[PDB]
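Have a look at the structure below before the remarks.
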Amino acid sequence: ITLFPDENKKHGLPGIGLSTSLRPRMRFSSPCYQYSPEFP
Amino acid sequence: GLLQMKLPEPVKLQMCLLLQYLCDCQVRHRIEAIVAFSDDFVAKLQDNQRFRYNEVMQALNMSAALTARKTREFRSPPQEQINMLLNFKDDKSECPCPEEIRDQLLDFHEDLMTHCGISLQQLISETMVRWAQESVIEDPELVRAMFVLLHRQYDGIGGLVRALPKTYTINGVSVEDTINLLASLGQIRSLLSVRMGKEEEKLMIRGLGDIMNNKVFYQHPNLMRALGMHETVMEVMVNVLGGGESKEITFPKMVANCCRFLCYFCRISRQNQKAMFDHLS
Amino acid sequence: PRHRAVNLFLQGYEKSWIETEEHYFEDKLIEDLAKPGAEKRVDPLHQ
């Protein structure tokens, strides 16, 4: 992962790009009640 | 054209929060790029410094200059070594032996400044000043969010200086352990908000037990403090025993568990002891 | 190790190359914030 997607100073649309940071895993129990009910 | 429409105060507040989220994601991407370049640069610097220290050691004659280099490389603690290797911020200010890495780091700093404020920020600032000039705003919370967002657009360096202390790099081997640790920490933080009861204390005890059993706690005290749930455990402590200070102390088992967790956290590392000293009073 | 080295470099890079830049924007920001703008009512800085 780099900062500028192109050799140009174009920043790119925010929120669009590769992200590697650790994040909580999404899990929804189907309606022990461990997690919230699943949704489409 | 959603920004350009004549929005009411709640709607414009929600889109201020949306723009704040966009700024946060952009800062996160910046930190990711910084981490990547930091990895590459520190690899180059480490190998070069070890090679040059070996070369200095190969000198047949040992003198005052030789012992100066010995203190330069070996005696100084690693943080002092990093600060020494990064002292070349000014132009030719007692720079280390390499200079190609100096050029590379200067180029990276320049492009990082370019990516920072030094076209989303201009748009956000223009919309904010336009809305402020449109009419008098009655919501203090809306005004506060407006001005904090405007300030964060005008100062992108503040995000860096407030986020780099909290950033950390973990090895790819312990990714699952880090994820489990973060999940347990999230559970503890979530249970902090709700009212206290027996089921709550059982869940906190189970979470703390998982925290002890996790090997990341032993390996990375620096990350442990950076996440900083010693503060959250102290918050749980004060919540439990605020009434008990006056009278009728509750949850003796959980206060004992919190004491054990804090003692173990202090014992793992020296700097953790200093971090916990502030709550001595 | 590699992770320790990169963490130390992150902290050092902060304290050296990020905490020393002083870009002057206060005057321009105050000017544009106190500019009354087109239409009187209260200026943003007065708000």
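Protein chains in written order, with my numbering: chain A, 3 to 42; chain B, 156 to 436; chain C, 8 to 54. All residues carry an ideal CB built from backbone N, CA and C; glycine is no exception.
Within 9 Å, strictly: CB atoms of residue i and residue j
i      : j      : result
B/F196 : B/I256 : yes
B/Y309 : B/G272 : yes
B/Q276 : C/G44  : no
C/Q54  : B/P320 : no
B/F302 : B/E356 : no
B/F416 : B/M367 : yes
C/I25  : B/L305 : no
B/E235 : B/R207 : no
B/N377 : B/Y323 : yes
Residue i versus residue j - alpha carbon distance
i      : j      : result
B/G383 : A/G17  : 27 Å
C/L40  : B/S290 : 14 Å
B/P251 : B/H270 : 27 Å
A/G14  : B/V395 : 48 Å
B/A338 : B/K225 : 45 Å
B/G397 : B/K161 : 49 Å
B/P232 : B/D246 : 25 Å
C/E29  : A/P33  : 55 Å
B/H385 : B/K408 : 18 Å
A/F41  : B/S436 : 49 Å
B/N209 : B/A219 : 17 Å
B/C171 : B/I343 : 30 Å
B/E265 : B/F420 : 40 Å
Anticipated Cβ contact below 8 Å, residue i with residue j, distance rounded
i                    : j      : result
residue 6 of chain C : B/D332 : The displayed coordinates of chain C run from 8 to 54. Any statement about residue 6 of chain C would go beyond what the structure contains.
A/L5                 : B/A188 : 4 Å
B/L200               : B/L261 : At roughly 14 Å, the Cβ-Cβ gap does not stay under 8 Å, so B/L200 and B/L261 are not in contact.
B/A318               : B/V190 : About 11 Å separates the two Cβ atoms, so there is no contact after all.
B/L346               : B/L358 : 6 Å
B/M392               : B/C418 : B/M392 to B/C418, Cβ: 13 Å. No contact.
For residue i, the three-state DSSP class (helix, strand or coil)
i      : result
A/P42  : coil
A/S31  : strand
B/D195 : helix
B/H264 : helix
B/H270 : helix
B/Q308 : helix
B/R422 : helix
B/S339 : helix
B/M160 : coil
B/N326 : coil
C/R48  : coil
C/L15  : helix
Short CB-CB distance (under 9 Å) between residue i and chain E
i      : result
B/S290 : Absence of chain E from the displayed structure is noted, the protein chains being A, B and C.
Chain B contacts from the region 17 to 32 of chain C (Cβ-Cβ distance under 8 Å): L17, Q18, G19, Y20, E21, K22, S23, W24, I25, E26, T27, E28, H30, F32
Residues of the region 182 to 201 of chain B with Cβ closer than 7 Å to any Cβ of chain A, in chain order: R183, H184, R185, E187, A188, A191
Members of the region 209 to 240 of chain B that neighbour chain C once the beta carbon cut-off is set at 9 Å: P233, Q234, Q236, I237, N238, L240
Contact list for the region 249 to 275 of chain B against chain A, Cβ threshold 7 Å: Answer set for the region 249 to 275 of chain B: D266, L267, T269, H270, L275.
Positions along the region 314 to 335 of chain B whose CB lies within less than 8 Å of some CB in chain A: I325, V330, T333, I334
Contact residues within the region 336 to 355 of chain B, judged by C-beta distance below 9 Å to chain A: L337, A338, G341
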